[PDB]
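Participant: My questions will all concern the structure given below.
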Amino acid sequence: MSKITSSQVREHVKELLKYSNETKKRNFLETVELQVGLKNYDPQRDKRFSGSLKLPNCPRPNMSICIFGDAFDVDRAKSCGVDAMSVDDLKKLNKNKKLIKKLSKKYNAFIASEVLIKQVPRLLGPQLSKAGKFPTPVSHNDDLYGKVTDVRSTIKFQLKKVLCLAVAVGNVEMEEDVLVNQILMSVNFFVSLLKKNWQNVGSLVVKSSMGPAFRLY
Amino acid sequence: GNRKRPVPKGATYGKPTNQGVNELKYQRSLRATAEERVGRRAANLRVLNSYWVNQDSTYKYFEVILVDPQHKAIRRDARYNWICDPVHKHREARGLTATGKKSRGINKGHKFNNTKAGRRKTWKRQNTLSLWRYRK
Amino acid sequence: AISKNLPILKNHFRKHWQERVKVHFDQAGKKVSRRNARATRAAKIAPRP
Amino acid sequence: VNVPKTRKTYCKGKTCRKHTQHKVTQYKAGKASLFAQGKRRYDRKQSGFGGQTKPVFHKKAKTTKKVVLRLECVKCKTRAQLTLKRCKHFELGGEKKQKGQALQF
Amino acid sequence: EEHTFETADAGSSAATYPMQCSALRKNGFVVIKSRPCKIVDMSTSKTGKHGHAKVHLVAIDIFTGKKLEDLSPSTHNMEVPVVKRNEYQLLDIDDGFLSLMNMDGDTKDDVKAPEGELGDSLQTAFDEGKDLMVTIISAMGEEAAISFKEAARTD
Amino acid sequence: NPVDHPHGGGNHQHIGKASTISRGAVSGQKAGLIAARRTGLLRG
RNA sequence: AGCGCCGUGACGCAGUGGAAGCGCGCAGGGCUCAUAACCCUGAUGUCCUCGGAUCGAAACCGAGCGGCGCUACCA
RNA sequence: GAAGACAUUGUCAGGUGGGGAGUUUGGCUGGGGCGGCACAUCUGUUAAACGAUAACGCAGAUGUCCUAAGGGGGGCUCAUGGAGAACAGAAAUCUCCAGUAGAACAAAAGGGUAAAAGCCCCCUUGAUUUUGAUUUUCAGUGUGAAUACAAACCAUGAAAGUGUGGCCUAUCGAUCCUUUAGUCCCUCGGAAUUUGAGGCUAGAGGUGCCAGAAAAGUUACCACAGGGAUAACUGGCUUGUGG
RNA sequence: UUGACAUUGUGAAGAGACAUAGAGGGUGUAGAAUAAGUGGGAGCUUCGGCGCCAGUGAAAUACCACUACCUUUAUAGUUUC
RNA sequence: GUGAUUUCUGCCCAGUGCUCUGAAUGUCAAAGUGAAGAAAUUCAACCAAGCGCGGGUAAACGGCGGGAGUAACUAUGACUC
RNA sequence: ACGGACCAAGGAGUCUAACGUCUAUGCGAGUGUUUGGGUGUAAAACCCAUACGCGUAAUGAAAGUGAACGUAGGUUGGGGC
Ligand SMILES: C[C@@H]1C[C@@H]([C@H](O)CC2CC(=O)NC(=O)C2)C(=O)[C@@H](C)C1
Ligand SMILES: [K+]
Ligand SMILES: [Mg+2]
Ligand SMILES: [Mg+2]
Ligand SMILES: [Mg+2]
Ligand SMILES: [Mg+2]
Ligand SMILES: [Mg+2]
Ligand SMILES: [Mg+2]
Ligand SMILES: [Mg+2]
Ligand SMILES: [Mg+2]
Ligand SMILES: [Mg+2]
Ligand SMILES: [Mg+2]
Ligand SMILES: [Mg+2]
Ligand SMILES: [Mg+2]
Ligand SMILES: [Mg+2]
Ligand SMILES: [Mg+2]
Ligand SMILES: [Mg+2]
Ligand SMILES: [Mg+2]
Ligand SMILES: [Mg+2]
Ligand SMILES: [Mg+2]
Ligand SMILES: [Mg+2]
Ligand SMILES: [Mg+2]
Ligand SMILES: [Mg+2]
Ligand SMILES: [Zn+2]
């Protein structure tokens with residue numbers, strides 16, 4: 001047994017889906033999320049946990065990611081359908097922080113080739129680190145469609161400064177069996193990153209993009 | 001309270017198990033100590049019984065019933081002249097009152113196997129090597 | 001010490017046991033005494049059995 | 001050392017009795033769980049006067065431990081324990097080796 | 001079928017190894033009162049006229065910088081931590097808490113920025129840029145930044 | 001000699017440990033300066 | 001006799017198996033009538049030798065050299 | 001007169017406590033001490049051509065490392081030299097010839113291996129289950145390691161076949177206690193149910209003084225039992241050193 | 001030495017914690033209003049009013065955010081300094 | 001502790017000790033409190049002193065460094081690193 | 001190397017509980033009277049009931065179950081007849 005049993009989640013998720021699928025018909029997509037709270041836990045004193053796992057299927061394929069990389073990766077990413085940006089156009093963009101301020105905003109994530117290490121910090125500024133989006137490595141043998149599927153599906157848990165975190169673990173328009181599975185994999189992944197496991201969580205809110213933010217515990 | 005061990009400066013001279021001074025308990029009750037002191041005070045009488053009457057944090061208070069073995073009202077009156085027998089001299093000093101039989105453990109059953117016919121007598125019997133003429 | 005193929009013995013003689021040895025030399029005397037007590041009691045309570 | 005999280009091996013679960021798929025985890029000891037008879041005896045022996053009553057080990061020599069693998073059949077949930085040799089670093093299902101790759105220095 | 005994925009840790013092994021007392025050296029590491037320390041002074045003396053040796057040891061804690069002293073017979077064993085240093089590349093430093101990157105792009109946003117004379121100089125050398133390489137010492141479940149170097153080549 | 005006093009013994013005459021003694025020390029230990037807030041000559 | 005440690009730029013010293021760094025010193029220009037201070041810029045190393053293991057050693061191993069040390073007690 | 005439900009006193013609980021108590025303070029060792037490890041082990045030699053064989057003999061090594069560096073199959077041949085090919089040079093890649101291994105096989109050393117045991121590639125988990133027998137150390141005990149079958153379930157291959165970890169020789173651990181797995185079994189003894197506890201079979205947590213106590217000194221204030229099994233003076237053998 | 005219980009009875013006036021709910025932005029520069037944060041993301045309403053874009057910053061603004069402390073507030077009570 | 005008089009009694013509070021604060025926090029026993037349980041019990045919060053953190057103190061215990069260059073004969077080095 | 005000037009007298013593997021191998025004796029699937037009773041020429045000798053010990057059943061942690069397929073098996077030796 002845990003603090004959460006899949007039965008209680010099964011009954012919250014049903015009317016959570018029944019609201020979005022039946023009642024309110026908005027002209028755009030609806031996304032289900034997970035929000036977590038932390039209690040008796042102090043970011044300044046304690047250890048800032050950091051974890052991510054490969055979620056089985058992507059919660060939202062409608063997010064824009066830019067392919068930093070060398071000639072080989074840009075060549076196989078320009079044919080993929082993902083915006084592949086070179087290394088020699090960034091060469092003197094460091095002149096102005098505004099030139100890269102828009103770069104971080106438009107792309108929901110960044111992944112770069114293994115030559116990112118020497119370059120991406122110093123070629124750019126520290127904005128990407130500040131923004132919470134730092135490029136993740138991709139190898140020459142790693143199929144780039146594999147990473148852009150993986151990096152799009154993975155959820156990252158990070159204790160940055162505040163006791164509240166939130167990862168997105170689905171879109172509404174899936175069948176309900178995989179929704180209860182993934183909402184249940186993400187909660188006990190989150191507790192596994194804590195000192196006392198379930199004894200540090202004090203808030204678990206699951207919901208959909210626009211409506212009834214159900215509390216769980 | 002407890003019976004502090006009356007060794008000078010707490011220095012017991014022996015093994016660590018016997019190094020205790022403070023958390024040691026007297027094997028007789030305070031009611032038996034009360035009976036001892038009253039019987040010594042009134043050595044011409046025989047302690048019959050005692051009971052609790054009161055207590056505060058420092059003292060427990062008891063009342064002792066004593067019988068006069070010389071009074072002719074007690075020497076006659078068959079229901080009580082057993083106490084005039086010499087065998088009942090200082091029965092409270094030998095643990096023969098109710099509190100003394102309780103502290104000696106004198107009761108029936110398996111819970112009192114150590115102390116039924118007196119524990120030192122039980123120990124002597126259990127620790128006696130009995131040899132017969134035609135050895136068994 | 002432990003030596004040879006011999007059974008493990010459990011002779012409980014590590015106390016002052018020689019102070020509590022009872023030898024029943026008085027077996028014959030106490031049997032005579034018991035018969036004497038029975039005879040005197042029979043005489044006292046006669047003819048009760 | 002690096003061991004996969006998944007492994008096909010023999011399951012003696014009275015319904016498999018054959019090689020089935022297993023999930024691999026590392027064995028963790030578990031809480032000492034007082035009210036165990038040895039813990040009750042120890043508490044009774046340590047109560048009172050007499051000091052420390054049992055040996056207290058001091059002469060540590062080992063620096064590693066044997067790793068025990070907890071194998072769970074995916075068909076009947078029967079579990080089995082396997083023992084590996086001593087190691088300093090142990091990991092499960094991570095970063096299969098790359099053969100012909102340049103050194104990253 | 002099953003759930004929760006049985007997420008675990010997959011750990012083992014000791015943070016200290018027992019080696020000796022007389023085999024220690026200055027600039028080596030030793031555990032004193034459960035703290036990791038760097039030896040700066042060790043001396044040996046005979047205890048009597050036909051007795052044996054004892055080692056007096058003076059060492060600085062590798063994290064708090066405090067002096068610790070201890071003494072032991074030269075032939076008993078003491079613990080030595082498994083002190084390790086790691087290269088990282090210096091990304092942003094925002095609320096202290098230097099965010100670092102390994103030889104791969106994997107990030108360590110876990111280590112407090114040093115608040116001492118080395119840490120403030122690190123921040124000043126970081127504000128104008130000139131990407132740094134910071135060394136992290138990580139003995140006995142504690143981590144700390146101890147040095148920083150300007151990259152040599154590839155300007 | 002050491003049998004007589006905490007300061008006794010030695011191949012030279014010296015106290016050997018701090019002569020400042022805590023208030024919570026026990027009888028036989030309070031030889032020297034007991035619960036001293038400071039020692040040494042006043043005003044340097 | 002046995003044992004331990006050290007050797008890095010002219011000097012004093014750091015140093016994470018991926019070709020070496022601090023402070024002065026030195027060099028070039030400037031300011032001054034000139035030197036110093038000051039300002040702007042550069043340069044300086046078989047890491048004591050000679051072999052070995054490693055893809056690659058300043059670090060590890062073997063020797064050789066030069067210094068510093070420690071033990072030296074009961075008789 | 002002061003003080004007052006506070007102090008005090010009782011019991012339990014945490015701290016402090018060489019003031020005091022009890023105990024300990026390994027072994028081997030050309031006396032002991034300091035040093036070292038010859039204390040559990042492995043390679044070569046000493047070792048005197050079966051086996052065994054000592055020393056604080058000699059030269060070294062071990063407390064690890066590995067999902068492959070384990071298992072099978074396939075294809076190929078290594079170090080090195082010569083001759084050649086823009087930059088390219090003594091050292092970058094390419095080609096041919098010669099090449100018995102002069103390479104490689106995690107790590108000491110020794111042994112072993114060429115259509116392989118090396119290198120590259122394709123699959124995979126036999127590094128599995130149940131026990132018994134055997135070899136070495138040996139008391140023919142344990143522990144560690146290993147060998148050959150049996151009964152299953154598998155991997156690989158066209159197949160013969162091979163595979164019960166690492167090409168072989170080292171790479172490690174009882175009782176008590178704790179913990180997990182298995183049978184879902186046995187017991188809690190007045191009779192049941194459910195917790196809890198205890199059992200049976202098999203792993204782990206560790207004893208490196210490695211057949212496995214829980215352990216700091218000093219003594220010229222010293223004590224006892226002994227020892228010429230053992231040092232310091234004389235004698236004896238030797239004579240490097242001295243002459 | 002420190003805490004608790006007992007000894008141990010009789011009383012009042014300022015604080016302060018538990019649970020329900022309503023409130024709340026507190027700032028430096030500056031978008032377009034005075035910005036306490038992080039995740040999602042272009043819609044219901046009589047207002048096209050607001051967000052999207054483009055300017056603005058350390059960080060976007062409609063909306064879902066009864067989520068995250070933090071700062072206040074009125075309770076039938078229950079607890080302590 | 002030192003040891004008549006005279007004349008002096010330098011520098012060092014990092015360590016060990018002694019001593020003094022705070023409540024901004026870490027550790028934190030028994031009793032008491034809350035929650036889960038059928039209950040034994042388990043978990044959590046609160047949590048005194050001490051410790052920890054931070055000051056003071058050497059007529060407290062005590063301690064009180066290396067190397068190199070440099071003067072118009074050399075040598076030394078007032079000076080300098 | 002130590003003990004021994006001389007002589008007399010004394011002066012050191014005992015008894016007990018439990019037990020192993022061997023041997024003797026009795027009876028033998030049984031065996032053991034002597035706790036006790038009876039009796040007596042009285043600590044002897046003689047007589048004795050019921051029990052109890054060991055043995056005739058093992059194995060298992062335990063709940064439990066529990067010894068002939070057969071001339072109580074086959075093969076190889078085997079004294080004696
Ligand atoms: C060191 C720890 C304990 C140790 C062991 O139980 C220690 C002793 C304790 C004792 O009093 N008697 C014994 O027979 C063993 C053990 O088994 C290790 C694996 C784990
Ligand atoms: K002693
Ligand atoms: Mg008790
Ligand atoms: Mg106690
Ligand atoms: Mg003292
Ligand atoms: Mg003393
Ligand atoms: Mg003297
Ligand atoms: Mg003592
Ligand atoms: Mg010895
Ligand atoms: Mg041994
Ligand atoms: Mg031979
Ligand atoms: Mg057990
Ligand atoms: Mg001799
Ligand atoms: Mg000569
Ligand atoms: Mg005086
Ligand atoms: Mg002075
Ligand atoms: Mg408590
Ligand atoms: Mg001194
Ligand atoms: Mg003699
Ligand atoms: Mg003589
Ligand atoms: Mg004589
Ligand atoms: Mg005689
Ligand atoms: Mg005799
Ligand atoms: Zn199965």
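If you're wondering about the labels, chains in the structure tokens are A, B, ... by order shown, residues count from 1 in each chain, ligands from 1 in order shown.
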At a cut-off of 8 Å around ligand 14, and using only C-alpha atoms (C1' of nucleotides) and all ligand atoms, what residues come up? Please write them as a list in words.
Facilitator: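 These are the residues that qualify: residues 241, 242 and 243 of chain H.
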Participant: Given the selection you just returned, output its residues as a file containing N, CA and C atoms (P, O5', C5', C4', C3', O3' and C1' of nucleotides), formatted as a PDB file, in the first residue's frame.
Facilitator:
ATOM      1  P     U H 241      86.740  -5.538   6.819  1.00  0.00           P
ATOM      2  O5'   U H 241      86.450  -4.779   8.175  1.00  0.00           O
ATOM      3  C5'   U H 241      85.646  -3.615   8.218  1.00  0.00           C
ATOM      4  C4'   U H 241      85.526  -3.121   9.630  1.00  0.00           C
ATOM      5  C3'   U H 241      86.829  -2.793  10.331  1.00  0.00           C
ATOM      6  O3'   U H 241      87.348  -1.522   9.995  1.00  0.00           O
ATOM      7  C1'   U H 241      85.525  -4.144  11.736  1.00  0.00           C
ATOM      8  P     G H 242      88.917  -1.341   9.734  1.00  0.00           P
ATOM      9  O5'   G H 242      89.579  -1.514  11.168  1.00  0.00           O
ATOM     10  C5'   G H 242      89.221  -0.665  12.242  1.00  0.00           C
ATOM     11  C4'   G H 242      89.814  -1.128  13.548  1.00  0.00           C
ATOM     12  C3'   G H 242      91.297  -1.440  13.557  1.00  0.00           C
ATOM     13  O3'   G H 242      92.115  -0.286  13.592  1.00  0.00           O
ATOM     14  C1'   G H 242      90.128  -3.132  14.710  1.00  0.00           C
ATOM     15  P     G H 243      93.407  -0.179  12.647  1.00  0.00           P
ATOM     16  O5'   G H 243      94.470  -1.143  13.324  1.00  0.00           O
ATOM     17  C5'   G H 243      94.874  -0.971  14.672  1.00  0.00           C
ATOM     18  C4'   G H 243      95.636  -2.170  15.167  1.00  0.00           C
ATOM     19  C3'   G H 243      96.764  -2.656  14.279  1.00  0.00           C
ATOM     20  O3'   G H 243      97.949  -1.895  14.393  1.00  0.00           O
ATOM     21  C1'   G H 243      95.474  -4.495  14.972  1.00  0.00           C
TER      22        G H 243
END
Participant: Among stretch 8-60 of chain B, which ones does DSSP assign to strand (DSSP E or B) (computed from the backbone)? Answer as a ChimeraX atom specification.
Facilitator: /B:46-55,60
Participant: Residues of the last selection are to be written out with N, CA, C and O atoms, as a PDB file, in the first residue's frame.
Facilitator:
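Dumped to part-v9.pdb:
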ATOM      1  N   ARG B  46       1.925  -7.901  70.630  1.00  0.00           N
ATOM      2  CA  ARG B  46       2.087  -8.678  69.410  1.00  0.00           C
ATOM      3  C   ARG B  46       1.387  -7.958  68.271  1.00  0.00           C
ATOM      4  O   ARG B  46       0.220  -7.591  68.398  1.00  0.00           O
ATOM      5  N   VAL B  47       2.090  -7.754  67.164  1.00  0.00           N
ATOM      6  CA  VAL B  47       1.466  -7.095  66.026  1.00  0.00           C
ATOM      7  C   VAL B  47       0.491  -8.061  65.373  1.00  0.00           C
ATOM      8  O   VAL B  47       0.864  -9.171  64.982  1.00  0.00           O
ATOM      9  N   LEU B  48      -0.773  -7.652  65.277  1.00  0.00           N
ATOM     10  CA  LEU B  48      -1.825  -8.420  64.630  1.00  0.00           C
ATOM     11  C   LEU B  48      -1.929  -8.042  63.155  1.00  0.00           C
ATOM     12  O   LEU B  48      -1.750  -8.897  62.284  1.00  0.00           O
ATOM     13  N   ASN B  49      -2.180  -6.767  62.857  1.00  0.00           N
ATOM     14  CA  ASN B  49      -2.277  -6.342  61.457  1.00  0.00           C
ATOM     15  C   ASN B  49      -1.924  -4.868  61.323  1.00  0.00           C
ATOM     16  O   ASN B  49      -1.616  -4.195  62.298  1.00  0.00           O
ATOM     17  N   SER B  50      -1.907  -4.387  60.085  1.00  0.00           N
ATOM     18  CA  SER B  50      -1.693  -2.973  59.816  1.00  0.00           C
ATOM     19  C   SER B  50      -2.476  -2.584  58.574  1.00  0.00           C
ATOM     20  O   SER B  50      -2.870  -3.435  57.780  1.00  0.00           O
ATOM     21  N   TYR B  51      -2.709  -1.286  58.420  1.00  0.00           N
ATOM     22  CA  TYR B  51      -3.374  -0.789  57.227  1.00  0.00           C
ATOM     23  C   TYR B  51      -2.912   0.625  56.914  1.00  0.00           C
ATOM     24  O   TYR B  51      -2.388   1.336  57.766  1.00  0.00           O
ATOM     25  N   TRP B  52      -3.099   1.001  55.653  1.00  0.00           N
ATOM     26  CA  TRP B  52      -2.766   2.324  55.149  1.00  0.00           C
ATOM     27  C   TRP B  52      -3.821   3.319  55.605  1.00  0.00           C
ATOM     28  O   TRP B  52      -5.004   2.988  55.667  1.00  0.00           O
ATOM     29  N   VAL B  53      -3.401   4.539  55.935  1.00  0.00           N
ATOM     30  CA  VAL B  53      -4.405   5.548  56.256  1.00  0.00           C
ATOM     31  C   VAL B  53      -4.213   6.787  55.397  1.00  0.00           C
ATOM     32  O   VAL B  53      -5.185   7.485  55.094  1.00  0.00           O
ATOM     33  N   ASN B  54      -2.988   7.052  54.962  1.00  0.00           N
ATOM     34  CA  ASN B  54      -2.706   8.321  54.309  1.00  0.00           C
ATOM     35  C   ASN B  54      -1.307   8.269  53.718  1.00  0.00           C
ATOM     36  O   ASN B  54      -0.540   7.343  53.984  1.00  0.00           O
ATOM     37  N   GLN B  55      -0.992   9.278  52.904  1.00  0.00           N
ATOM     38  CA  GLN B  55       0.350   9.484  52.376  1.00  0.00           C
ATOM     39  C   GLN B  55       0.471  10.889  51.808  1.00  0.00           C
ATOM     40  O   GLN B  55      -0.511  11.483  51.367  1.00  0.00           O
ATOM     41  N   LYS B  60       4.507   7.760  54.067  1.00  0.00           N
ATOM     42  CA  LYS B  60       3.328   6.913  54.060  1.00  0.00           C
ATOM     43  C   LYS B  60       2.925   6.622  55.496  1.00  0.00           C
ATOM     44  O   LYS B  60       3.776   6.332  56.340  1.00  0.00           O
TER      45      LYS B  60
END
Participant: What's the 7 Å shell around stretch 81-97 of chain A, counting only C-alpha atoms (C1' of nucleotides), without same-chain residues fewer than 4 positions away, as a list in words?
Facilitator: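 Answer for this query is residues 65, 66, 67, 68, 69, 70, 74, 77, 101, 123, 124 and 125 of chain A.
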Participant: So that I can see what lies close to stretch 17-32 of chain A, please list as a list in words the residues with an atom at most 6 Å from it, counting only C-alpha atoms (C1' of nucleotides) and leaving out residues fewer than 6 positions away in the same chain.
Facilitator: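 Once the nearby chain positions are removed, what remains is residues 170, 171, 172, 207, 208 and 209 of chain A.
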Participant: Show me which residues line ligand 22, defined as having an atom within 12 Å of a ligand atom where only C-alpha atoms (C1' of nucleotides) and all ligand atoms count, and present them as a list in words.
Facilitator: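 The residues near ligand 22 are residues 8, 9, 10 and 11 of chain K.
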Participant: Give me the residues within 8 Å of stretch 17-26 of chain F as a list in words, counting only C-alpha atoms (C1' of nucleotides) and dropping any in the same chain fewer than 4 places off.
Facilitator: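 Counting only C-alpha atoms (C1' of nucleotides), the residues come to residues 30, 31, 32, 33, 34, 35 and 36 of chain F; 16, 17 and 19 of chain H; 1 of chain I; 16, 17, 18, 60 and 61 of chain J.
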Participant: As a compact mmCIF listing (two decimals) with N, CA, C and O atoms, in the first residue's frame, please: every residue in chain D that DSSP puts in alpha helix (DSSP H).
Facilitator:
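Generated file (result_34.txt):
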# COMPACT_ATOMS: atom_id res chain seq x y z
N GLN D 37 12.47 -11.18 18.84
CA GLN D 37 12.83 -11.83 20.10
C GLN D 37 14.25 -11.48 20.53
O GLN D 37 14.51 -11.28 21.72
N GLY D 38 15.18 -11.38 19.58
CA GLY D 38 16.52 -10.96 19.92
C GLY D 38 16.59 -9.54 20.45
O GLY D 38 17.34 -9.25 21.38
N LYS D 39 15.76 -8.65 19.90
CA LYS D 39 15.72 -7.27 20.38
C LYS D 39 15.09 -7.18 21.77
O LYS D 39 15.53 -6.39 22.61
N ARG D 40 14.07 -8.00 22.03
CA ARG D 40 13.47 -8.04 23.35
C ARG D 40 14.45 -8.57 24.39
O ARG D 40 14.58 -8.01 25.48
N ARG D 41 15.17 -9.64 24.03
CA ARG D 41 16.17 -10.19 24.93
C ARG D 41 17.28 -9.19 25.19
O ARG D 41 17.75 -9.05 26.33
N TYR D 42 17.69 -8.46 24.16
CA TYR D 42 18.76 -7.48 24.31
C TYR D 42 18.34 -6.33 25.21
O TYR D 42 19.13 -5.85 26.02
N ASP D 43 17.10 -5.86 25.06
CA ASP D 43 16.63 -4.77 25.90
C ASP D 43 16.55 -5.21 27.36
O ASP D 43 16.96 -4.47 28.26
N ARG D 44 16.08 -6.44 27.59
CA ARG D 44 16.03 -6.95 28.95
C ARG D 44 17.42 -7.11 29.54
O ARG D 44 17.64 -6.81 30.71
N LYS D 45 18.39 -7.54 28.73
CA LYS D 45 19.74 -7.73 29.24
C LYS D 45 20.43 -6.39 29.50
O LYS D 45 21.21 -6.27 30.45
N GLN D 46 20.17 -5.38 28.67
CA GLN D 46 20.82 -4.09 28.89
C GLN D 46 20.17 -3.28 30.00
O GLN D 46 20.78 -2.33 30.48
Participant: Name all residues at most 12 Å from stretch 15-17 of chain D (count only C-alpha atoms (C1' of nucleotides); drop same-chain ones fewer than 2 positions away) and give them as a list in words.
Facilitator: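 Here the answer would be residues 9, 10, 11, 12, 13, 19, 20, 21, 22, 73, 74, 75, 76, 77 and 78 of chain D; 128, 129, 130, 152, 153 and 154 of chain H.
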Participant: How close does each residue of chain E get to chain A, giving the shortest atom pair and distance in Å to one decimal for every residue with an atom at most 6 Å away, counting only C-alpha atoms, sorted by chain and residue number, as a tab-separated table?
Facilitator:
residue	atom	partner	partner_atom	distance
E:4	CA	A:185	CA	5.6
E:92	CA	A:126	CA	5.3
E:105	CA	A:137	CA	5.4
E:110	CA	A:48	CA	5.8
Participant: Which residues, written as an MDAnalysis selection string, have at least one atom at most 12 Å from residue F:11, with only C-alpha atoms (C1' of nucleotides) counted and residues fewer than 3 positions away on the same chain left out?
Facilitator: (chainID F and resid 1:2 8 14:16) or (chainID H and resid 220)
Participant: Suppose we keep N, CA and C atoms (P, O5', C5', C4', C3', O3' and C1' of nucleotides); can you now write the selection as a PDB file, in the first residue's frame?
Facilitator:
ATOM      1  N   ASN F   1      52.410  14.859  44.711  1.00  0.00           N
ATOM      2  CA  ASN F   1      52.348  13.710  43.828  1.00  0.00           C
ATOM      3  C   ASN F   1      50.945  13.592  43.243  1.00  0.00           C
ATOM      4  N   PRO F   2      50.752  12.836  42.152  1.00  0.00           N
ATOM      5  CA  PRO F   2      49.402  12.730  41.573  1.00  0.00           C
ATOM      6  C   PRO F   2      48.373  12.120  42.504  1.00  0.00           C
ATOM      7  N   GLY F   8      49.575  17.268  40.891  1.00  0.00           N
ATOM      8  CA  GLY F   8      50.769  16.570  41.294  1.00  0.00           C
ATOM      9  C   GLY F   8      51.413  15.776  40.183  1.00  0.00           C
ATOM     10  N   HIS F  14      54.456  21.398  36.904  1.00  0.00           N
ATOM     11  CA  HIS F  14      53.549  22.099  36.009  1.00  0.00           C
ATOM     12  C   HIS F  14      52.153  21.532  36.203  1.00  0.00           C
ATOM     13  N   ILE F  15      51.138  22.355  35.938  1.00  0.00           N
ATOM     14  CA  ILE F  15      49.755  21.925  36.150  1.00  0.00           C
ATOM     15  C   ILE F  15      49.337  20.889  35.112  1.00  0.00           C
ATOM     16  N   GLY F  16      49.665  21.114  33.843  1.00  0.00           N
ATOM     17  CA  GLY F  16      49.515  20.106  32.817  1.00  0.00           C
ATOM     18  C   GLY F  16      48.209  20.122  32.052  1.00  0.00           C
TER      19      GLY F  16
ATOM     20  P     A H 220      60.587   1.665  36.105  1.00  0.00           P
ATOM     21  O5'   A H 220      61.529   1.905  37.365  1.00  0.00           O
ATOM     22  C5'   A H 220      60.990   2.103  38.677  1.00  0.00           C
ATOM     23  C4'   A H 220      61.273   3.483  39.237  1.00  0.00           C
ATOM     24  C3'   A H 220      60.790   4.650  38.392  1.00  0.00           C
ATOM     25  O3'   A H 220      60.439   5.733  39.243  1.00  0.00           O
ATOM     26  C1'   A H 220      63.151   4.708  38.554  1.00  0.00           C
TER      27        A H 220
END
Participant: Quick one: pull the distance between atom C1' of residue I:11 and atom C1' of residue I:77, Å, one decimal.
Facilitator: 22.8 Å
Participant: Hey, which residues sit close to ligand 19? Say within 12 Å, counting only C-alpha atoms (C1' of nucleotides) and all ligand atoms, and write them as an NGL selection string.
Facilitator: (:H and (226-228)) or (:K and (1-3))
